[PDB]
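Trainee: The structure that follows is given in the form of structure tokens.
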Amino acid sequence: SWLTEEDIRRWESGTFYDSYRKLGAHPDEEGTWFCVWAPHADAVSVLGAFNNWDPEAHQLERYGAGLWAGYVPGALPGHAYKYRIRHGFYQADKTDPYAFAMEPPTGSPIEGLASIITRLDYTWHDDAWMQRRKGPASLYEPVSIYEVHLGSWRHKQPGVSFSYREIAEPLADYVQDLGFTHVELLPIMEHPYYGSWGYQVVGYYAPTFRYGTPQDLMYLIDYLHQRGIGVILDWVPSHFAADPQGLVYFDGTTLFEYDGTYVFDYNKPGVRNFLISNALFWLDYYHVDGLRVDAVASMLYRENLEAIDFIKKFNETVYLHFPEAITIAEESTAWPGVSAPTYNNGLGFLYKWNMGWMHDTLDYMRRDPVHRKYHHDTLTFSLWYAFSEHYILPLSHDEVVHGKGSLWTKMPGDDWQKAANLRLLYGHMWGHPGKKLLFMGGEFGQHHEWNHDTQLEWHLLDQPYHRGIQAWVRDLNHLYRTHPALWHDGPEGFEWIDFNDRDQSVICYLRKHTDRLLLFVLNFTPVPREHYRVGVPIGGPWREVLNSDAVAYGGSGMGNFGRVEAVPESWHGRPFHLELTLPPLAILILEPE
Amino acid sequence: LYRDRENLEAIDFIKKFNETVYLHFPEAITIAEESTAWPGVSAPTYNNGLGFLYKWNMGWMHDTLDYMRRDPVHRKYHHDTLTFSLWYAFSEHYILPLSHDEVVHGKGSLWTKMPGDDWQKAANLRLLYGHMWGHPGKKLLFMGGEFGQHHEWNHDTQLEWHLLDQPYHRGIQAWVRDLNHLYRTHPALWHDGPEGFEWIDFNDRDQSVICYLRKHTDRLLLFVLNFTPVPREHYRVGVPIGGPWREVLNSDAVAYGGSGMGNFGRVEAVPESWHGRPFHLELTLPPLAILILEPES
Amino acid sequence: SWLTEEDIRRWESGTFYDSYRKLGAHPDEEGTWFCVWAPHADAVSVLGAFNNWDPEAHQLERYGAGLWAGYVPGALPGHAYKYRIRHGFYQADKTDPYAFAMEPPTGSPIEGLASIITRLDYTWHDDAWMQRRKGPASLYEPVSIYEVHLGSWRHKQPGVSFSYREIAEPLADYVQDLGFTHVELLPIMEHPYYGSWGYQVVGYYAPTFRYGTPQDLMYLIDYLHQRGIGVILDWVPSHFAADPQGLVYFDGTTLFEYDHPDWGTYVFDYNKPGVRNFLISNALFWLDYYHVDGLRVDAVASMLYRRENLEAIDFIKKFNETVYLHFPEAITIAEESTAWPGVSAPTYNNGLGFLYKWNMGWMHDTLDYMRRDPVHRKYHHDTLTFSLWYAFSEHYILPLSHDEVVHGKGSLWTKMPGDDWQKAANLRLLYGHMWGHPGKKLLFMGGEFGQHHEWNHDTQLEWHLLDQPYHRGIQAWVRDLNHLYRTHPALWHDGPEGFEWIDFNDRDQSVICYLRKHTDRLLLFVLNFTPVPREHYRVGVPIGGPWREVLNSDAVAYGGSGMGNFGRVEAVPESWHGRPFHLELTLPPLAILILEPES
């Protein structure tokens, strides 16, 4: 009775995307129901304090499609349970793959993690955000994603991360103040080794205990939503974690594995429901706004059609049940049409990480400003590849770790020059077509690499240069969210003005939607330039709306203060030109009055 | 007044100071600040008062500052500090004062005093000015508070006018301007007697929201205040009169540095009883924001 | 089915304000129904003569919300009964919190107090009074309260008090001749220690046995009402008595207690709905079953704090909200010794919802001023005059309670300075000013003679002093003041509009002149606080023409020297005290003159 016929036959068929509704521990006030998928298991038993851990007190009965299910009177929420599965001669104790919450019995996860019976009752208040949230339509809207690892963000006391509920107000305040639209959280699903950052996952249906209850995660997502903030969750369907007690050789054979050793067998229908139910599980039960699949490349190549067809059906299923969700992919092999609809033969994502832009932008800016003349093309040629896909410009945790160095460390020269370069890099990324992702700590230009066992170097927010960079990004986001010329990342919305100044390493382009136009002039050299002429389409009065070199950001204060007037003689093939003074290592944004 | 206790010399001098002033210059104004709860500072000498026209409401200042200095998560537990301010607002003719003495000696700027990051700090400062203009009594703001300058007032230097270039502070200055324009034009705010104030609701302590009315004759102004960064939707507020109501001011308007969240006007009172009132308004409360609403004529 | 399902649903809500209808012991001719609230009980049983005090004879059945009920055939009125509650390993015998009458089995309250099954059937004859009671409308009518402890008032013989009935005609006789408007009774609810004065309460629903049966008390109130006198009952929701069989640890754990420095662990847990039912139902119980006109809550500050206690503040607000809903013309008075605002203000304006507040600020200032010698009063003039800055902050009752005449504080008489004449003069002056000052009047028994000794509850008041002149004069003065109060509406309106200053700056001569007004009527009060007669003392007045002397404290009939204007005072149109016309008067020693324009 626990299972309908439509459940079993949906399971068989690879289509049970509600499987979480039936699989795992489902609490009832008298007792908890248990359901496990173990097709090659001869026996399955649920164990717990609720029956003195007796392998024979409660042994789930076998139903079809390799599913087992049984009801245990006296198993209550918070009771730790375990699966004792027998395969021929050998028995093994295993986690619940569908466990909704897990906890380390010894207080140390590397040693433990046990499945915990849990009720997921929660009363939401985010209705307004969810009938307004915009998924695919977000292509024509500002998307500023702040990348966050919760444990490393801030600590209530040294070595202690903020609770889910505890971090709710500080994170929203910060995100709001700096004007980011969403947060992207490194995977919160349960993982034994904190040092993995969450990418080696044991419990795909359980939020990591370290920050609190499953309901705690709902409060945070609920809280951020009411403050008008979006939450993107990192998702790791490419591989499961190397845990003996978990998904490895589960029923006794290869099951989640392929019939190295920990990539999911997409050929199996059971694996397909497990993952694709997990995609909807987060979008549904935790109101997640976006999923982000990393290392799609490893899923793509061995071509793995089983995996490519899974990735297409993954995206299709998501948008069918959640039309205003977002799916983002990181792909490194330049596979065509990641952000393209499946009906055009695409993977079906809404977005793709433009890591092509990231390398070019990073490589160009570690060069000393002197040498930048000789790599002008590396900078200017980013726009030949900027429209192949819906792109998010990305600065990530991977970029700031393993000797890659902090973005401030990457920037060349003296600390004022490094701060100016960082501001110019941020200014170009907002100007450059595509959505913006910035990882925690880059916003104030932190000094070391990301260290996950510590809290960000917030004390650096007393130094003038870093406080200024944080001020530059806030204003960058402020113009971004306001002026729709930056909302449209198509080839339309960008217009070159001048790319030929290699010697002085200067770039001028135009960002436009309909009537609105934005002029970006960028000087990648510490030498200032005055009497610099920049072609413009429109004449008349021109205002300077942002300047890297303003003192509030920590710059020397060289600018074009007085409203810039346009001189009507042709320049850069344009009717009018603006005589301009270019501040050292700075980007100027100009709006016609 | 005291030597530590009463100095009658000083009290009689104070009284005849005030009497001669108003006798020779009937249209002058005399104001006193007194750090005790001495009665009748603003009262006429012939009624045994000291004879001042106005008294600084330092009770209000301390109370208000004490409350908003605290974090929104905690404002729940200090709701009574906010609401009980009006039990003392009609004891004297009062000028709600935030002064140079408040922004000195390690007390911190008004901006510095407010909690959260800069967006929320600016939001709170807009709220403080929002409530002070709503609270009964005349208004005093010390120089530089109108844009929310960071540093304590230093007499050896000039104010941080450069912050008027940054948006958060230029927004606050605009908010004060709009507040003063509302004050100058609406007579509902001119009468600081108990007749000039009516409570709409004060017991939403959990969500830290207060609604009150500033009314002179027929004219009435509705003040709805959300002291939390979460906006509130479908929040109902009782009204005395039913009909179209307009939103005259929104602290959360983008012009002041805000979310841009708001009712958007054309609010029609719903002929449903709420807060013991015949009609009610269904409003959306922006983050850390003040709404001022007028019926439509 | 003893309990309605609505009753259990209302009990869990904390909305059962008639809960006395079902909880406690309710007699039936065959047997008594028993109902007690004990949520943390494994079992509850009724013990009594009706079952050889056997705990297994009659075990109540547990209903919803920790409400236990059972029927006992043969349990009869006047029988003593007891509850046995079992908390796991331990069981204990407890008294009924909802007991309607208690009596000491030994004969001594301090040893044993026992719940007794009672019928409250009583036929009232007070129909006329309650169709006309005021209260909220009494804000503009004279309220003159005679505060009384029944046991201490009068004795039939030394150490033997009057029954509830026996007291009726003497107290009603005395209160009417005095002109007092109400009697405020020190707490009548059952209390073990007589020396507590009743503030350590065990039987909130039971009138004390010392003065008779519950009906005896209803008759007393019924009687007084027919005589046109109101009854205020002191009530103690702040704390309960420390009696082991009492409310303490009722079900074997914390129940009425919190799960205050004054009475720690004896403070009611206003958080629990069950506590809220018990307290508010009891408030209504007295207004309902005993027709009480008003209830006075003491030490309200002890509830407000521990910093504010919001449990209690919502409780007080709901108490006042509930009372006026079920009894629109009741009166609730509060004594709060902090400067907590809006005690007398309606809950809808963030007030506590009381109708009246004791002006304890006034009492302190006033007593401190008159404790001082007239020679020295010069230097403390502001203590006298400044009472009017705080005199309209609330709807106030001027108070001279028992708390001021105990513990070495001295009788009001003892407090006044000088020889006997000046002591009598000072007290006649004090009351005159108190009757003139804005606010209703409360005087504790024995103050009307200005008795020498502190209030000693173990004895009867010194009525023998009523034979001697000085004390008989003060009794006459209070009666006559009470006549002036009721006759003239100028004193009924304690609003700022009612009072106007005539002069307050005569510090040297220690004199005060003020006006008390309603519309047409004016009453002029001139006070000489020094034993020196003042002659040619001019006092400004609004109206010209003939003025009358309505009262003079110094009349020889009151024990005074007799210097007086004796009426026939004509206003002179010369500006005095910033006023168009002036009166040229004689100010008697340590006396009050009360004058009105002739009509």
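Chain labels A, B, ... are given in the sequence in which chains occur in the structure tokens; within each chain residues are numbered consecutively from 1, and ligands are likewise numbered from 1 in the order shown.
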Within 12 Å of residue 487 of chain C, counting only C-alpha atoms, which residues show up once you throw out same-chain ones fewer than 2 positions away? Write them as a ChimeraX atom specification, please.

Mentor: /C:141-142,179,480-485,489-492,521,523,550

Trainee: Export N, CA and C atoms of the chosen residues as a PDB file, in the first residue's frame?

Mentor:
```
ATOM      1  N   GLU C 141     -18.507  62.859  39.001  1.00  0.00           N
ATOM      2  CA  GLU C 141     -19.345  62.830  40.188  1.00  0.00           C
ATOM      3  C   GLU C 141     -18.465  62.651  41.413  1.00  0.00           C
ATOM      4  N   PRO C 142     -18.942  63.049  42.594  1.00  0.00           N
ATOM      5  CA  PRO C 142     -18.106  62.912  43.792  1.00  0.00           C
ATOM      6  C   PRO C 142     -17.928  61.455  44.189  1.00  0.00           C
ATOM      7  N   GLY C 179     -20.941  61.024  55.155  1.00  0.00           N
ATOM      8  CA  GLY C 179     -21.102  61.529  53.775  1.00  0.00           C
ATOM      9  C   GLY C 179     -20.175  60.842  52.799  1.00  0.00           C
ATOM     10  N   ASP C 480     -18.608  67.752  57.122  1.00  0.00           N
ATOM     11  CA  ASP C 480     -19.005  68.995  56.467  1.00  0.00           C
ATOM     12  C   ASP C 480     -18.311  69.157  55.122  1.00  0.00           C
ATOM     13  N   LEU C 481     -17.025  68.804  55.051  1.00  0.00           N
ATOM     14  CA  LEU C 481     -16.327  68.792  53.770  1.00  0.00           C
ATOM     15  C   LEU C 481     -17.032  67.875  52.783  1.00  0.00           C
ATOM     16  N   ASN C 482     -17.437  66.690  53.245  1.00  0.00           N
ATOM     17  CA  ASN C 482     -18.149  65.762  52.379  1.00  0.00           C
ATOM     18  C   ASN C 482     -19.481  66.343  51.927  1.00  0.00           C
ATOM     19  N   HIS C 483     -20.132  67.143  52.775  1.00  0.00           N
ATOM     20  CA  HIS C 483     -21.352  67.818  52.341  1.00  0.00           C
ATOM     21  C   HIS C 483     -21.058  68.799  51.213  1.00  0.00           C
ATOM     22  N   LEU C 484     -20.045  69.649  51.398  1.00  0.00           N
ATOM     23  CA  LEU C 484     -19.630  70.581  50.352  1.00  0.00           C
ATOM     24  C   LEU C 484     -19.314  69.847  49.058  1.00  0.00           C
ATOM     25  N   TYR C 485     -18.585  68.737  49.170  1.00  0.00           N
ATOM     26  CA  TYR C 485     -18.181  67.966  47.965  1.00  0.00           C
ATOM     27  C   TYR C 485     -19.409  67.579  47.159  1.00  0.00           C
ATOM     28  N   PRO C 489     -20.749  71.002  42.235  1.00  0.00           N
ATOM     29  CA  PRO C 489     -20.127  70.326  41.107  1.00  0.00           C
ATOM     30  C   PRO C 489     -18.771  70.889  40.723  1.00  0.00           C
ATOM     31  N   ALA C 490     -18.438  72.080  41.219  1.00  0.00           N
ATOM     32  CA  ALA C 490     -17.120  72.647  40.957  1.00  0.00           C
ATOM     33  C   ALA C 490     -16.011  71.688  41.365  1.00  0.00           C
ATOM     34  N   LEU C 491     -16.290  70.795  42.312  1.00  0.00           N
ATOM     35  CA  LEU C 491     -15.329  69.800  42.760  1.00  0.00           C
ATOM     36  C   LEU C 491     -15.462  68.475  42.021  1.00  0.00           C
ATOM     37  N   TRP C 492     -16.522  68.297  41.229  1.00  0.00           N
ATOM     38  CA  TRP C 492     -16.738  67.022  40.554  1.00  0.00           C
ATOM     39  C   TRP C 492     -15.809  66.844  39.361  1.00  0.00           C
ATOM     40  N   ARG C 521     -20.318  77.695  38.350  1.00  0.00           N
ATOM     41  CA  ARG C 521     -19.903  77.586  39.736  1.00  0.00           C
ATOM     42  C   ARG C 521     -18.404  77.758  39.899  1.00  0.00           C
ATOM     43  N   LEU C 523     -15.437  77.817  43.249  1.00  0.00           N
ATOM     44  CA  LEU C 523     -15.196  77.648  44.668  1.00  0.00           C
ATOM     45  C   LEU C 523     -13.794  78.165  44.902  1.00  0.00           C
ATOM     46  N   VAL C 550     -18.311  79.764  52.704  1.00  0.00           N
ATOM     47  CA  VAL C 550     -19.077  78.526  52.810  1.00  0.00           C
ATOM     48  C   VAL C 550     -18.545  77.661  53.956  1.00  0.00           C
TER      49      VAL C 550
END
```

Trainee: Tell me as a PyMOL selection string which residues belonging to chain A come within 9 Å of chain B, counting only C-alpha atoms.

Mentor: chain A and resi 128+169-170+173-174+176-178+223-224+226-228+475+552

Trainee: Write out as number ranges by chain which residues come within 9 Å of residue 545 of chain C when counting only C-alpha atoms, dropping same-chain ones fewer than 4 positions away.

Mentor: C: 569-572, 581, 597-598

Trainee: Once you have the residues from the selection above, write them out as a compact mmCIF listing (two decimals), in the first residue's frame, restricted to N, CA, C and O atoms.

Mentor:
```txt
# COMPACT_ATOMS: atom_id res chain seq x y z
N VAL C 569 -18.95 88.83 52.46
CA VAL C 569 -17.67 89.43 51.97
C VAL C 569 -17.97 90.06 50.61
O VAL C 569 -18.53 89.37 49.75
N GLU C 570 -17.67 91.35 50.45
CA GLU C 570 -17.99 92.06 49.19
C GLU C 570 -16.71 92.27 48.38
O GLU C 570 -15.72 92.78 48.96
N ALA C 571 -16.72 91.88 47.11
CA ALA C 571 -15.53 92.06 46.25
C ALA C 571 -15.29 93.54 46.01
O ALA C 571 -16.27 94.31 45.89
N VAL C 572 -14.02 93.94 45.93
CA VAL C 572 -13.65 95.36 45.70
C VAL C 572 -13.05 95.40 44.29
O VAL C 572 -12.19 94.55 44.01
N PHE C 581 -11.27 91.86 40.27
CA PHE C 581 -11.81 92.25 41.60
C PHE C 581 -11.04 91.52 42.68
O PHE C 581 -10.40 90.49 42.40
N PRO C 597 -19.27 82.93 45.21
CA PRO C 597 -20.08 84.12 45.03
C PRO C 597 -21.50 83.87 45.51
O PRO C 597 -22.05 82.77 45.29
N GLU C 598 -22.09 84.87 46.17
CA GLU C 598 -23.47 84.73 46.70
C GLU C 598 -24.47 84.62 45.54
O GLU C 598 -24.27 85.32 44.52
```

Trainee: Please return, as a ChimeraX atom specification, all residues of chain C lying within 7 Å of chain B when only C-alpha atoms are considered.

Mentor: /C:341,349,389,501

Trainee: Within segment 89-290 of chain B, find each residue whose DSSP state, derived from the backbone, is alpha helix (DSSP H), and express the selection as a PyMOL selection string.

Mentor: chain B and resi 110-113+118-134+167-185
